[PDB]
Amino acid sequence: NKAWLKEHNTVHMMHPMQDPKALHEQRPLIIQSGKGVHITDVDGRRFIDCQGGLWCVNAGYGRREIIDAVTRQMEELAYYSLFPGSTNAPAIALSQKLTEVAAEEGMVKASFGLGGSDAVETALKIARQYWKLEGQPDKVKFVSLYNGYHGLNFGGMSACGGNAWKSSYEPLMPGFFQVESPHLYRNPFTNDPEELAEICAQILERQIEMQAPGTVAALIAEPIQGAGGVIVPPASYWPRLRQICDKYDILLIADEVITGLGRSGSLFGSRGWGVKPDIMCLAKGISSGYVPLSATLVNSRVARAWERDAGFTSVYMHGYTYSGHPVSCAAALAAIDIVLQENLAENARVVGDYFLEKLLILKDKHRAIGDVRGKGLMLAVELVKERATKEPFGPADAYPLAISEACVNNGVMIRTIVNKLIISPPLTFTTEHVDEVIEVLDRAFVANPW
């Protein structure tokens, strides 16, 4: 019951991303239930969930379609592997559905996992094996971007573009390099986004040339950087990435764990930039968070390498016990059907557009707002101590937490990443939900002048 849960909250847990010392006195809310876009804690406090779980409950809470798919599959066959000798029906169905839905990008095969970190890990392993199959085993290095976030296994962590995720676990993998990215609001080059895109592309090219292209396997990048603070690159940037990868003969890995299946207002973030990656990483929203599932998709160029007469090198020696878990796959199938039938990519585009417009008005109103960024239903409000210098609030400062808490205490679940308020609701959000959130945020800023 409630008292037991409150007593035991955090005591036997290593909570992600937190210092356990802070949790002795500052206990997290015990979220008890969800319906639609709202969540309710054990004490009955109700919120609009602007976190959307954690960028993943894209279809909303309480979807009977997914619950029923999960129950029926688990009643019939709770588990069987895709390891030598067997497969299962939901995994087959989901594999075909994914090659269908990502046909535009040229995806022809799926490798399943359980979350975004393993989707990324799978992608990195695939790239290395691909080049060994292609008779270029020196191609082993990975390039990624400043502010990129690619998950927490040693591979993805080595590919991350912020040291916060890396420093305590060093030394990380050799051969991982990060380069300047087109973050307009904080860059040393220019206030022109097209010039910024081009200078960042050329920096990337010159680092690749420095490494020797014959030693580089792939570039990995998010179409829109999520955990790095919702950084939307200039539209010319990703086409340049595709050109650079073609030029130096390295793979383009699109980390679509957040942008996959609609959030940024296109069915894929790459598609939103009109770019076809070689490899795509999907997780989070692909199952609406109801059951863990990830998928790494590859194109024919990549897949055909395993059709070489290469002996043991053509054995795909990867894949997790729960790869293709039939309950995961059932959930993912129902969620993708919802995404398509209700055109949540378009709803994200429109409601996200409206949301972004209202935030821009809010920015003019409240001096602590240094920057507002968004595409579809991924948005961030960046708070600064001084607009002229763009000096950020530190993790230690109180103001971001004050704004967050004023929202939370008035029924709007918005949390921070350092100095940035992050907005990533379910893709079923309405303009009315937007107006509610904007009203509460406005009141929060009014009550906390800067």
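From 1 onward, residues are counted along the sequence shown.
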Taking the mean of the C-alpha B-factors per stretch from the entry, tell me the winner out of 112 to 120 and 245 to 253.
245 to 253
As the entry reports it, the stretch among 348 to 356 and 204 to 212 with higher mean C-alpha B factor is 204 to 212
Kindly indicate the residue among 422, 37, 413, 418 with the greatest C-alpha B-factor in the PDB record.
418
Top Cα B factor in the deposited entry, candidates 310, 164, 221, 107:
310
Taking the values exactly as deposited, rank residue 299 by C-alpha B-factor within its chain and report the matching third: lowest, middle or highest.
highest
Determine, from the deposited record, the chain-internal third of the Cα B-factor for residue 155: lowest, middle or highest.
lowest
Modelled-residue ranking by C-alpha temperature factor, third containing residue 56
lowest
Per the entry's values, where does residue 186 land by CA temperature factor relative to the rest of its chain, in the lowest, middle or highest third?
highest
Among the modelled residues of its chain, the C-alpha B-factor of residue 17 falls in the third labelled lowest
